[PDB]
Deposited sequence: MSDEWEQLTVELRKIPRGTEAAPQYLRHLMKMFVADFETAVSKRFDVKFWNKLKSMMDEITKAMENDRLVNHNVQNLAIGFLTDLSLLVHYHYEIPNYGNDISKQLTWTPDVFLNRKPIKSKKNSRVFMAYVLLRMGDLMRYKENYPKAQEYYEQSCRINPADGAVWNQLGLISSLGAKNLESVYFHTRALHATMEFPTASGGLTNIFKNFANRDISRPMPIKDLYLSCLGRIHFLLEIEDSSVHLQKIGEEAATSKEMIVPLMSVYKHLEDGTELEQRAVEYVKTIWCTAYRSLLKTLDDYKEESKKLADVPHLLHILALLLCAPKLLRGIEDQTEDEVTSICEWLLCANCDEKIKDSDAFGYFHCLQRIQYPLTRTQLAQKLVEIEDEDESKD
């Protein structure tokens, strides 16, 4: 690095630590940002910024016996600092537009700036913007404005899905709204993202515990049944009736990524050998295969009624996810052969070669081995491979 940045670095490190000396540090981080946004993001100074801020919030929250008035004060201070960070970055550097749905308080418009230094490498701007949005989301969550928090979170996730933290926070929001299924899905995505947010594991466990010991025999909504059964798979417990329940669950899971994705994670972890692990993996096999059958039939019927291929992107992606576990699909090869052949013919002769996921797989690394983005041909090749091994 140059001499100026090194000097600013020494000046940064000289600054003491602590609850009270932190605003000085934050403002100096702002100065170092404006000085060299590129290099600043290179060393992830956004993380350091949020670390000092979160520090402040925590220490002040604790030292005041969790008083509400102090809480609100330090929270609004935080909001101010972060917003001003985003705006100060915009003021000096040509930050690309990432959506007009993004709040203009962090963004403003290109019409209000004069001479901005051009962005050299877009990765920096992407990661930075996504991170800022993420932390503004956190701040909105602390202030108990859940809708806004969800907006910030979804935007952040869209800009950079490769950060598992965002998925985890989305999971937290889902849990707050008593939406347990979506929470499980999000926490799973956080667990197996490109950055891998390990803490999410705990979260998942916390949910599993709350469902593994429910009277499965008793009546309940489908999603809850999936939760209890997945929970019983995780803790190596015997699924009461099994057959009927697993059947219905698979039938429902044929159309929802929020059941398929968490199932992959539990499968990959379980993927070994024990007296109980065998049973659990067999449960998983039942559900998985049922889903595979149902989905195959549905897609085939969509081929029948001449639905355009682009009219079923998500449904093709669930299929490709199902194909990520070939060892689970052994045994039903012959039965599904015809449907597979027809669907493969459909895929081969077409739409152009790309299937919009919008669920951002490829930034999902649990048991993948499928090169993204999803190619119209590659999917067919995968199906053909699954049938061929027999």
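Within the chain's deposited sequence, the coordinate-free stretches run 351, 392-395 in sequence order.
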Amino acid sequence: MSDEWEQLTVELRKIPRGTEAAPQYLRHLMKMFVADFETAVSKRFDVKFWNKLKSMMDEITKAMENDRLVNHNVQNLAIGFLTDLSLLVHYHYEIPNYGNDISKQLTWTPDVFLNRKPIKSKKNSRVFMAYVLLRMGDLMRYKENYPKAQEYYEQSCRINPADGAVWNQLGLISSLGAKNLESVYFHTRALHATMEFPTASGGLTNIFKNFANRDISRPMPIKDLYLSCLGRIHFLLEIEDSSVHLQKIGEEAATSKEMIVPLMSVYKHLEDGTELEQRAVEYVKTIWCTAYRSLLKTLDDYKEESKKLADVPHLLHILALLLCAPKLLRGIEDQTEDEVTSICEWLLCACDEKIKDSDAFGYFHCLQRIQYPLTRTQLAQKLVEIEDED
From here on, numbers count along this sequence of modelled residues.
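Comparing the deposited coordinates for 152-160 and 231-239, the stretch with the larger average C-alpha B-factor is 231-239. Between the stretches 164-172 and 266-274, it is 266-274 that shows the larger average CA temperature factor. Highest C-alpha temperature factor among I79, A193, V112, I207 per the entry: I207. In the PDB entry, the Cα temperature factor peaks, among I95, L316, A212, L133, at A212. Among all modelled residues in this chain, the alpha-carbon of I15 has a temperature factor (C-alpha) in the middle third.
Sort the modelled residues of the chain by CA B factor and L374 lands in the middle third. Split the chain's modelled residues into thirds by C-alpha temperature factor. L321 is in the lowest one. Annotation for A63: C-alpha temperature factor in the highest third relative to the rest of the modelled chain, per the entry. In the PDB entry, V47 places in the lowest third of its chain by CA B-factor.
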